[PDB]
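First, one chain by itself: the form deposited in one PDB entry, in structure tokens.
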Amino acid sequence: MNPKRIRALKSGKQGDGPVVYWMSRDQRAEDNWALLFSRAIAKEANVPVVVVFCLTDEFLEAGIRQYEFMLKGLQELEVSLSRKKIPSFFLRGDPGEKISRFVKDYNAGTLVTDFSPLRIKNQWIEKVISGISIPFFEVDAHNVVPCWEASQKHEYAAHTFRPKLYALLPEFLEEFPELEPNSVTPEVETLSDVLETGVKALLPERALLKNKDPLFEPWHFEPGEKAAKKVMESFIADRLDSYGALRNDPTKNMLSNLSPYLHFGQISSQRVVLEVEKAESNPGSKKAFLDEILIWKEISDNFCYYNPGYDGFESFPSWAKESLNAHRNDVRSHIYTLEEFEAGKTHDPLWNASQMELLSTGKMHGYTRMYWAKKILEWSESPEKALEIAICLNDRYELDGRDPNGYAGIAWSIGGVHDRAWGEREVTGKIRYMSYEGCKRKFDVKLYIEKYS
């Protein structure tokens, strides 16, 4: 077990009660460094390990599509942890109040959590630190190389982060040890009731078309750790050979479709990398997939960890801020409101089709995301307004939303983060421009519009 994966958040006197794993980002029982580190310390202190998940008050800022995907995976995880003699406690409310009260009520000895560089997680860390007196650790279980170890600063381009991450791969890309069960079973409601009351509270804000029927189709991605692995096996067996060639064709389903499982932590990226590396296929297709799940996935965590305002105009590069400012007064061709974007009521049928895939499936194709976001910038009153519209529609309807990949992806599309300066245009400046005719020369746009009416 590598000590560079765990970080100390607060020193304190260890209690003689169970080590608590405050699970948040990585919702799985297998291939979880944070859960394995909790079981090791619990073994050394000769005391069982317990798992606590907090159902926050912010679930109403999303939709039913994310509430059911996360909770149905939690029902499966509870059985898996119980088979390992590990009990799960699901609290509801502010984790600054619930975790602090649980630690004192159960005589907790050590508190451990998983790593997330998002602002809402740092808000929870500051609240729980002020209300505990036991040691508090955090473990990077989402990235192969720990986020604080891959780079000590913000990396402005992928060609700089790539050699730093690959040079550390032999040290941090390793097999997972088996989760040892609790020796004996130790000493706050049913998730089915929590999922019933939450969905009832989310029903008025459900996405519907004119016929009152729902828009979201929940049969595209079954949630759970078991379904997460089955999707990864299908990608390696059927789709990985053609990934490098058909990853930029929205009309082909050649992607791995692992993002909803990777967001909620139902499958480990290090596990996906291990199976892909030991699989035999096209080396151009392998290189392309590892570049997405290693370089671009972990540079998104690097962008959120080293830029406090990762969701603001101030985190853009200087060349992009100066360029967008010099075109702030350019007469926009069109200006749509948030409601026109949300309903896909723009003049562009390709953009509207890209939005309908987002509304109906909760997972828009990877290529159309850059078109969907860069057109928001072209048809917004300001770069800041486009940032708010893109983040709102991304986090509300993407099953992988509210994720560092989404903020770094939106920053790349609108602010040129991890990009370079292109030909100067009006309105958009030097930001990389993607036209409607450029998509037609790349893939059958008519087949993609006809699919998402």
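Heads up, when I say rigid core I mean the largest set of C-alphas that superpose within 1.5 Å between the two forms. Quick note: we count residues from 1 along the sequence shown, nothing fancier.
Below, we refer to the form deposited in another entry, which is not included among the displayed structures.
No residue in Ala326, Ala279, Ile120, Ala201 other than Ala201 shows a CA shift of 2 angstroms or more between the shown form and the other one after fitting the rigid core.
Once the rigid core is used as the reference frame, the Cα position of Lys212 differs between the shown form and the other one by 2 Å or more.
In the core-superposed comparison between the shown form and the other one, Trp422 has its Cα shifted by less than 2 Å. Once the rigid core is used as the reference frame, the Cα position of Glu384 differs between the shown form and the other one by less than 2 Å.
Shown here is a form in which the CA atoms of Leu60 and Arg92 lie at least 3 Å closer together than they do in that other deposited form.
By 3 Å or more, the C-alpha separation between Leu60 and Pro117 shrinks in that other deposited form relative to the form shown here.
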